[PDB]
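All Cβ positions, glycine included, derive from the backbone under ideal geometry; neighbour counts span all protein chains shown. Bear in mind these aren't lab numbers, they're just calculated from the coordinates by the rules spelled out.
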Amino acid sequence: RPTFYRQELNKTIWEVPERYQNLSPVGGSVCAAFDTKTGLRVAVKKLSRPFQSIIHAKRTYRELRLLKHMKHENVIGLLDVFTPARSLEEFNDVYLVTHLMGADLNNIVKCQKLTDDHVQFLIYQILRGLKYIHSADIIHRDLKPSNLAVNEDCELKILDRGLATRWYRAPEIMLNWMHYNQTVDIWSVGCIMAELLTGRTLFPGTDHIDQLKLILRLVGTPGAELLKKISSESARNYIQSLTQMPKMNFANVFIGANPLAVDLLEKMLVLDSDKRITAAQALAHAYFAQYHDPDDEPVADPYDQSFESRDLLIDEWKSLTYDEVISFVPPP
Ligand SMILES: Cn1nc(C(C)(C)C)cc1NC(=O)Nc1ccc(Cl)cc1
Ligand SMILES: CCCCCCCCO[C@@H]1O[C@H](CO)[C@@H](O)[C@H](O)[C@H]1O
């Protein structure tokens, strides 16, 4: 074990290896640090009360398992994870180390003037990262501009901050469908993409109902084919209950957009999530011709997430998390 030191920042104590220097608050509780081992600047996150409830303990464990697993350019990965605790008995705090990236995409959006080439490169990187995420059988479910770190050269990493967020949510997530396929995230890529083109939010709903009213205005009310898949009572029984809305043709909404951008949007923003384009399929769309490389759009190693079914005690989830701290191997 290295030697640690204690420092107080914004009413939060922080005990970190001497390696991590220059500490200064950024945000949960995140600091910028200077990593003297690799000469680069990092974000260090100290987890708040990680083993306080069962649910906190399980989420702490999912955090670590998940970040230990993500190893892709366009997805947040773990540079390091440490605890000041010398033993399990004494184990209480968890710090995560990741790359700091300057902005999130939210900053970059409303003040900069995005070329079609900007939208290609930014959207290409989200899909690329999503292929990877989705190949591990992970659905993000809350993809938005705040959850995309962008550096100065417009390199992009997907992440989860986590806890308006509703502006990018798939219609099915917002009616609480419970059977979600991965294309929920494709819906989110559509909303983001449209906003990078127009510079404005596609569905800036004021609340839940308004959000959905705005979605249907664009995509139209459900067709016969989609309707025939709805199991439920009055889930379907309020059919045209917000008028029998005709679907907008997107060439009319995205005037002066690359017609290939328009065509991809039509394939992302389908009501019926069985008809949505996949991440891997969207990669092969002519819109990404300048960036698409078939041999450098990698998939994930098998991700064991049996643990999610498990109902364990606070102290089992704490031990499991301890094991994960102990077993961490740093990137090259
Ligand atoms: C829970 N979670 N899920 C994902 C995805 C889906 C992108 C793999 C990523 C994460 N977790 C995070 O993104 N966590 C995280 C950790 C530290 C900082 Cl400074 C910022 C964010
Ligand atoms: C506003 C009316 C709600 C329309 C949302 C329906 C689109 C969601 O997609 C639907 O739901 C499931 C995915 O969760 C799929 O398995 C279904 O087959 C699919 O059609």
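Based on this model, can you work out whether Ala261 counts as within 16 Å of ligand 1 (Cβ to nearest atom), closer than 21 Å to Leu105 by Cα and not hydroxyl-bearing (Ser, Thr, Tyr)? Don't jump to the end; show me each part of the working.
Details: within 16 Å of ligand 1 (Cβ to nearest atom): no; closer than 21 Å to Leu105 by Cα: yes; not hydroxyl-bearing (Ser, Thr, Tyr): yes.
Judged against the criteria, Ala261 is not a match.
Does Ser234 satisfy being assigned to a helix (DSSP H, G or I) and surrounded by 15 or more Cβ atoms within 10 Å (Cβ to Cβ)?
On the way: assigned to a helix (DSSP H, G or I): yes; surrounded by 15 or more Cβ atoms within 10 Å (Cβ to Cβ): no.
No; evaluated as a whole, the condition is false for this residue.
Failed condition for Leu242, given (1) more than 17 Å from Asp142 (Cα to Cα); (2) of a type outside the set (D, E, K, R); (3) surrounded by 21 or more Cβ atoms within 10 Å (Cβ to Cβ), with all others met?
All conditions pass for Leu242, except number (3).
Results for (1) assigned to a helix (DSSP H, G or I); (2) within 16 Å of ligand 2 (Cβ to nearest atom); (3) of a type in the set (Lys, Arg), shown as yes or no for each residue.
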residue: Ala149; (1), (2), (3): no, no, no
residue: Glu152; (1), (2), (3): no, no, no
residue: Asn181; (1), (2), (3): no, yes, no
residue: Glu195; (1), (2), (3): yes, no, no
residue: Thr201; (1), (2), (3): no, no, no
residue: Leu212; (1), (2), (3): yes, yes, no
residue: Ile215; (1), (2), (3): yes, yes, no
residue: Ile239; (1), (2), (3): no, yes, no
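Among the residues of the range 159-171, is there at least one that is surrounded by 18 or more Cβ atoms within 10 Å (Cβ to Cβ), in contact with a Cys (Cβ under 9 Å, 6 or more places away or on another chain), under 21 Å from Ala257 (Cα atoms) and of a type outside the set (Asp, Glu)?
For the range 159-171, residues surrounded by 18 or more Cβ atoms within 10 Å (Cβ to Cβ), in contact with a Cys (Cβ under 9 Å, 6 or more places away or on another chain), under 21 Å from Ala257 (Cα atoms) and of a type outside the set (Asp, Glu): present.
Quick one: would you say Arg141 is within 15 Å of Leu159 (Cα to Cα) and out of contact with any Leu (no Cβ under 6 Å at 6 or more places or on another chain)?
On the way: within 15 Å of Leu159 (Cα to Cα): yes; out of contact with any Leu (no Cβ under 6 Å at 6 or more places or on another chain): yes.
Yes: the conditions hold for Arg141.
Please determine, by comparing only the residues of the range 271-285 that are small (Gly, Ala, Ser) and either within 11 Å of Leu127 (Cα to Cα) or not in a loop (DSSP other than H, G, I, E, B) (or both), which one is farthest from ligand 2 (Cβ to nearest atom).
So in the range 271-285, the residues small (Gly, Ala, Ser) come out as 273, 279-280, 282, 284.
Subset that is either within 11 Å of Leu127 (Cα to Cα) or not in a loop (DSSP other than H, G, I, E, B) (or both): 279-280, 282, 284.
Working: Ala279: 16, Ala280: 18, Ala282: 17, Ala284: 23 Å.
So the residue we want is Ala284.
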